[PDB]
């Protein structure tokens, strides 16, 4: 295997992944084509350029000692390899809710600012992609330090996972489970972005003089880049700068070993002490796993960006694209009412699994989307118009009973139409999970596509219920709530 063939393949890969989107009908075929080239490149390379002699747990003591010398908490918990979530933190003593049990000073963190002062600093000053995107900057920062045997962050790097469950690691037949869903397009883009970035930075590393001292100039495999971006996207966090004037992306050692459960954010940055602080989300008895709340992310974001599917995700949602048609005779008025309300004429909204399926901004859009001309004028003219705009995203104050009946009728029909665009039904997906033995990555994809349909199904039911409530208030001639 010659370095000339590898650069030929990366050159071919960069041209393929820089081409414009071949249309949504050819994205699956574009995906499989890109996969074929990446696997060819990957089969002619040696995997991870830097590998460590020990098992993952052999390095946790060095991580603990390294974090103690720099002022982090190391007492009260231990690293356990849990079956369900992988490695995590387990409490060695009772920990009461709201107790500050974990803190990490800024010296230990890997940040975009620490990448600027690293060997990657010179190349950072020349490449616009690095400067505009800190996530990629962190990824290459992690790589250069991984290949530096005397890096300050070596104790943390040697404890990272060696593989992930992001879609970048799925087999073709595992991703195939997602055909006809909303989620699969983000899988396509993630794979195409990653391949293009690897090939683009493979050539950048070989052409820029500022990259001559990088360890990546000696070796930089596709497996290196996939591991680094998966490490960043599953773990990274946003913290303030030391100035406090702005934000930056960071890897937080020790803290990032906690796994996810439902709850609230209990991790904040203490600018005075210049350290990350985390208080207990709930009571943790000794011998119980210590969890944190990652954030209010859907299961699609958890699968694609965090590499897992969370059962009982209370913040799950699906996307829905809506817009006011240019062929509508009331387009001008509707766009104007939307503009005065701070709502675009077309947008991607969210349907939630929550008690109301739609947010205040979606409710306001649908109300204007179904307004008569006389209703639009009352939102555009007179001393009461701005007061009408104010209540548009409020379910307690409808425009009229008829406007509500029309908007919930539309939403019931659109969500039903969306359900009919999937290859499978809900009952079919349940039978697959019940009657087949599947890998973890396969179950993620199937549960992902199941969750999309169940959110749409529930939105159909809640839209039908809401249609009947407001149709009742109309036939009974109930007075409209005001102000």
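Numbering follows the first chain given and starts at 1.
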Higher avg CA temperature factor (202-210 vs 226-234, as deposited) belongs to 202-210
Tell me which of 415-423 and 52-60 has the higher mean C-alpha B-factor in the deposited entry.
-> 52-60
When the CA B-factors of 150, 181, 400, 299 are compared as recorded in the entry, which is the largest?
-> 150
Quick one: which of 189, 313, 354, 259 has the biggest Cα B-factor according to the entry?
-> 354
Could you say whether, by C-alpha temperature factor, residue 460 belongs to the lowest, middle or highest third of its chain?
-> lowest
Once the chain's modelled residues are ordered by C-alpha B factor and cut into thirds, is residue 249 in the lowest, middle or highest one?
-> middle
Could you say whether, by C-alpha temperature factor, residue 167 belongs to the lowest, middle or highest third of its chain?
-> lowest
Which third of the chain holds residue 124 when residues are ordered by C-alpha B factor: lowest, middle or highest?
-> highest
Name the third of the chain's ranked CA B-factors that contains residue 86, choosing lowest, middle or highest.
-> lowest
